[PDB]
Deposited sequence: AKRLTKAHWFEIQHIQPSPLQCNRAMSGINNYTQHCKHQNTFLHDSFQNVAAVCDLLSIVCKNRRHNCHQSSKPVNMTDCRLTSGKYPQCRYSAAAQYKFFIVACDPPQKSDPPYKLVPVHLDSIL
């Protein structure tokens, strides 16, 4: 999409409601960046459900900001690890809590109060 909001890029990178193979799912991401990303975590939940985490209590992020929010329960995920543009990955299923950073929406985002913009942590 030539240009993207932070939240839209978050969705592209990290929202995968139905699992895909890592090699296929990473192809689009690696095309936008022109490199084989070495690792990526895909969350198997909808954008709407991940965005609801932003309404939960705010907590500190790795970068020392306080716009992070922890999921109330674990979710299923796929961890893709690089093993260009012929990038090949290994995959691991995971079931973990996550922490997202959230910001107010940009003009081009859905008009929630807050939207998820970064995957801060898995735990």
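- No C-alpha positions are given in the record for the deposited-sequence stretch 84-86, the only such gap.
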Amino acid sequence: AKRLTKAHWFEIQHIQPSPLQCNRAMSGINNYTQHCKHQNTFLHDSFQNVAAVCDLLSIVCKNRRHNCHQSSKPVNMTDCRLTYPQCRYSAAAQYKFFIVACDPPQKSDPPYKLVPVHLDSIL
From here on, numbers count along this sequence of modelled residues.
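Here, rigid core means the biggest group of C-alpha atoms that superpose within 1.5 Å across both forms.
- The stretch that moves more in 4 other deposited structures of this protein, judged by CA deviation after a rigid core superposition and choosing between 108-116 and 11-19, is 11-19.
- On average the C-alpha atoms of 22-30 have higher B-factors than those of the other stretch, with 73-81 and 22-30 being the two compared.
- Note on 32-40 vs 48-56: mean CA B-factor is higher in 32-40.
- In this PDB entry, the Cα temperature factor of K96 sits in the bottom third of its chain's modelled residues, the lowest group.
- Remark: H66 belongs to the lowest third of its chain, ranked by C-alpha B-factor as recorded.
- Split the chain's modelled residues into thirds by C-alpha temperature factor. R3 is in the highest one.
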